[PDB]
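Colleague: Sharing a structure, written as structure tokens. Questions coming.
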Amino acid sequence: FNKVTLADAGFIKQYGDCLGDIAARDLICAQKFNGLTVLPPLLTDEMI
Amino acid sequence: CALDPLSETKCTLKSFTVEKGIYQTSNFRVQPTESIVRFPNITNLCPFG
Amino acid sequence: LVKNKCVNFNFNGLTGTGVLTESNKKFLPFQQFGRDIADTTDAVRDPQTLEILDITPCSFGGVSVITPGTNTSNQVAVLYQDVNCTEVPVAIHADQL
Amino acid sequence: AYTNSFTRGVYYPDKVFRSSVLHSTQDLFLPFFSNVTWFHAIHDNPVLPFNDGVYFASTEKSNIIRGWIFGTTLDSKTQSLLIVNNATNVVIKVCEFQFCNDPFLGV
Amino acid sequence: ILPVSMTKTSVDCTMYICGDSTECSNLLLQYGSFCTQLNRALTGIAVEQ
Amino acid sequence: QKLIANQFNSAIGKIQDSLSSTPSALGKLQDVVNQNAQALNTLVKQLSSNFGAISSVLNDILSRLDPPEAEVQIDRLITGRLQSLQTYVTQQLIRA
Ligand SMILES: *[C@@H]1O[C@H](CO)[C@@H](O)[C@H](O)[C@H]1NC(C)=O
Ligand SMILES: *[C@@H]1O[C@H](CO)[C@@H](O)[C@H](O)[C@H]1NC(C)=O
Ligand SMILES: *[C@@H]1O[C@H](CO)[C@@H](O)[C@H](O)[C@H]1NC(C)=O
Ligand SMILES: *[C@@H]1O[C@H](CO)[C@@H](O)[C@H](O)[C@H]1NC(C)=O
């Protein structure tokens, strides 16, 4: 799980960076990348 | 098409019956919408006249 | 402007539009208005107050609709996109809807 | 003289607030690893051409290099340019004027 | 090592094309249902994953 | 049974280090992800072309030209961005 990295993957990584966790009170990160959204998978990692 | 979401689903689904599932009908809750401006002080008028 | 809705922040030109974002980072003497990977004007320096201020575009997430069959029942329930529940109706601008 | 400019000539080519990205500009810029010319204690102050731009800074010995003045003809046929230092700020100046080639002010 | 699935994306056709401009949307309406087609294809992929 | 047990256990340990070493055997995995992203980045960058218009950002075009003129500029931008979207979707389908 560590040999696969997203560091040099611009949009996906920086969309994953809408988890500032307090950094901005009102961050709707679906209104920051102009419609480009990423749905979550039906199955997590723990269940696989 | 503006009612309990069920209705707008029927709208998009183009049928007056819907099955069991989910449907993206997003961006449908009207935006904040005002009209104003901020600027500077350029007291001098032009000589165009 | 206002500082909470799509007041159309027309900061010295650019008809920037965006709710909230009372943002703050760092700039430079030349540095005036923000620009990201896609130029997305990050922040700006107000024409007559002169500071730093980023803003998120018209900030309203997306909605889908769960359903049992239309004829199975008329009940529905909506599932949004990534939005903390705190701002749900206010994050769908419930007031006018 | 002629020396390898290992890496110099990088100036914000813009005035837009930018942050952790990688932008690919396209403008006049000092060609890397290129060369330069100059002079030394010759007595000096020669003339030199301008093309489009001139990356130019130097060993300020004890501040001795003072100001860089332009001026194509100096028969006073063009209000060109002149820059030195007048306490508060440099004497930005324009007028076609004498172009006293060897600065002097008493000092 | 075998790949099994990939990232599920989706895109707001109107936001991408005419983002927030209500004069642009009325012009987009002249091209028929292209946004609907695109969203349909993307949804198909997202379920396939 | 004695030394088939050993061989097995040891070899598993090998797989462990081998992976850890740095072969990203998960290359056949990385690609996919990256490949996708690249496709996204292009799409995003495609928002700066003006496809023949006098500018790119809609807000401006709207903020400079009257509606009757706006028509031209707007339409061209629309066609350009529509084509970008179409290409992206078709590529996604193939990769799918
Ligand atoms: C412009 O004038 C207003 C007075 O209404 C003042 O509040 C503001 O600071 C001025 N801005 C300047 C001088 O840049
Ligand atoms: C909806 O229609 C299907 C098809 O006949 C039927 O099986 C189902 O019972 C209907 N729903 C209800 C609540 O009766
Ligand atoms: C939503 O916002 C509240 C208020 O700050 C916070 O306590 C909560 O943790 C947030 N939700 C998540 C999932 O972080
Ligand atoms: C620059 O000067 C060096 C000598 O230091 C010489 O080798 C080179 O040809 C000159 N020109 C360049 C680097 O363009």
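If you're wondering about the labels, chains in the structure tokens are A, B, ... by order shown, residues count from 1 in each chain, ligands from 1 in order shown.
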Determine, for each residue of chain C having at least one atom at most 10 Å from an atom of ligand 1, the closest pair of atoms and their separation in Å to one decimal, counting only C-alpha atoms and all ligand atoms; order by chain and ascending number, as a Markdown table.

Modeller:
```
| residue | atom | partner | partner_atom_place_in_ligand_line | distance |
| --- | --- | --- | --- | --- |
| C:46 | CA | ligand 1 | 14 (O) | 9.9 |
| C:47 | CA | ligand 1 | 14 (O) | 7.2 |
| C:48 | CA | ligand 1 | 14 (O) | 4.7 |
| C:49 | CA | ligand 1 | 9 (O) | 6.9 |
| C:50 | CA | ligand 1 | 14 (O) | 8.9 |
```

Colleague: How would the residues just picked look written out with C-alpha atoms as a PDB file, in the first residue's frame?

Modeller:
```pdb
ATOM      1  CA  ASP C  46      -8.436  45.078  -2.625  1.00  0.00           C
ATOM      2  CA  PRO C  47      -8.290  48.288  -4.781  1.00  0.00           C
ATOM      3  CA  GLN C  48      -8.792  50.547  -1.759  1.00  0.00           C
ATOM      4  CA  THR C  49      -7.968  48.418   1.376  1.00  0.00           C
ATOM      5  CA  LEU C  50      -5.086  46.505  -0.162  1.00  0.00           C
TER       6      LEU C  50
END
```

Colleague: Would you kindly report the residues of chain A within 12 Å of chain D, using only C-alpha atoms, as JSON, numbers by chain?

Modeller: {"A": [8, 10, 11, 14]}

Colleague: Store the residues picked out above, limited to N, CA, C and O atoms, as a PDB file, in the first residue's frame.

Modeller:
```pdb
ATOM      1  N   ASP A   8       3.160  12.792  -7.744  1.00  0.00           N
ATOM      2  CA  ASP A   8       3.276  13.488  -9.027  1.00  0.00           C
ATOM      3  C   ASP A   8       2.051  13.244  -9.898  1.00  0.00           C
ATOM      4  O   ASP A   8       2.149  12.836 -11.053  1.00  0.00           O
ATOM      5  N   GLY A  10      -1.164  15.591 -10.479  1.00  0.00           N
ATOM      6  CA  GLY A  10      -1.674  16.897 -10.102  1.00  0.00           C
ATOM      7  C   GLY A  10      -3.108  16.986  -9.615  1.00  0.00           C
ATOM      8  O   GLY A  10      -3.344  17.221  -8.424  1.00  0.00           O
ATOM      9  N   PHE A  11      -4.076  16.796 -10.517  1.00  0.00           N
ATOM     10  CA  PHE A  11      -5.461  17.070 -10.151  1.00  0.00           C
ATOM     11  C   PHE A  11      -5.964  16.097  -9.097  1.00  0.00           C
ATOM     12  O   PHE A  11      -6.649  16.503  -8.156  1.00  0.00           O
ATOM     13  N   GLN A  14      -4.356  16.978  -5.685  1.00  0.00           N
ATOM     14  CA  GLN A  14      -4.822  18.233  -5.112  1.00  0.00           C
ATOM     15  C   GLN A  14      -6.322  18.248  -4.866  1.00  0.00           C
ATOM     16  O   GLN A  14      -6.805  19.104  -4.119  1.00  0.00           O
TER      17      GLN A  14
END
```

Colleague: Could you go through chain B and tell me which residues DSSP, when run on the backbone, assigns to alpha helix (DSSP H), listing them as a ChimeraX atom specification?

Modeller: /B:5-13

Colleague: Return as a compact mmCIF listing (two decimals) with C-alpha atoms, in the first residue's frame every polymer residue, whether protein, DNA or RNA, with at least one atom no more than 12 Å from an atom of ligand 3; count only C-alpha atoms and all ligand atoms.

Modeller:
```txt
# COMPACT_ATOMS: atom_id res chain seq x y z
CA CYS A 18 -9.57 19.07 0.22
CA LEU A 19 -9.14 17.37 3.61
CA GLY A 20 -7.59 20.32 5.46
CA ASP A 21 -9.69 19.10 8.42
CA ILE A 22 -10.00 22.56 9.93
CA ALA A 23 -7.98 24.76 7.62
CA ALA A 24 -10.95 26.55 6.06
CA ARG A 25 -14.40 26.49 7.61
CA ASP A 26 -16.30 26.58 4.29
CA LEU A 27 -14.47 24.44 1.71
CA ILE A 28 -16.89 22.84 -0.77
CA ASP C 82 -18.78 15.90 -0.42
CA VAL C 83 -20.31 18.37 2.03
CA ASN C 84 -20.03 18.43 5.81
CA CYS C 85 -23.56 18.11 7.19
CA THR C 86 -23.04 21.34 9.13
CA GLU C 87 -23.65 23.24 5.93
CA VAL C 88 -26.35 21.21 4.27
```

Colleague: Give the residues close to ligand 2, within 6 Å, counting only C-alpha atoms and all ligand atoms; write them as a PDB file with N, CA and C atoms, in the first residue's frame.

Modeller:
```
ATOM      1  N   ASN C  71     -43.638   3.449  -8.210  1.00  0.00           N
ATOM      2  CA  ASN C  71     -44.858   2.770  -7.860  1.00  0.00           C
ATOM      3  C   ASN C  71     -44.694   1.964  -6.592  1.00  0.00           C
ATOM      4  N   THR C  72     -43.455   1.684  -6.202  1.00  0.00           N
ATOM      5  CA  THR C  72     -43.232   0.959  -4.968  1.00  0.00           C
ATOM      6  C   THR C  72     -43.569   1.820  -3.765  1.00  0.00           C
ATOM      7  N   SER C  73     -43.279   3.112  -3.850  1.00  0.00           N
ATOM      8  CA  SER C  73     -43.637   4.109  -2.855  1.00  0.00           C
ATOM      9  C   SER C  73     -43.233   5.454  -3.431  1.00  0.00           C
TER      10      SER C  73
END
```

Colleague: Set the cut-off to 9 Å, count only C-alpha atoms and all ligand atoms, and list whatever residues fall near ligand 4 as a PyMOL selection string.

Modeller: chain D and resi 1-5+33-36

Colleague: Kindly give the distance, in Å, that separates CA of residue 17 (chain C) and CA of residue 24 (chain D), rounded to a single decimal.

Modeller: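 Atom-to-atom, CA of residue 17 (chain C) to CA of residue 24 (chain D), that is 27.2 Å.
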
Colleague: Counting only C-alpha atoms, which residues of chain C come no farther than 10 Å from chain F, as a list in words?

Modeller: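 Taken together, these residues fit the definition: residues 13, 14, 15, 16, 17, 37, 38 and 39 of chain C.
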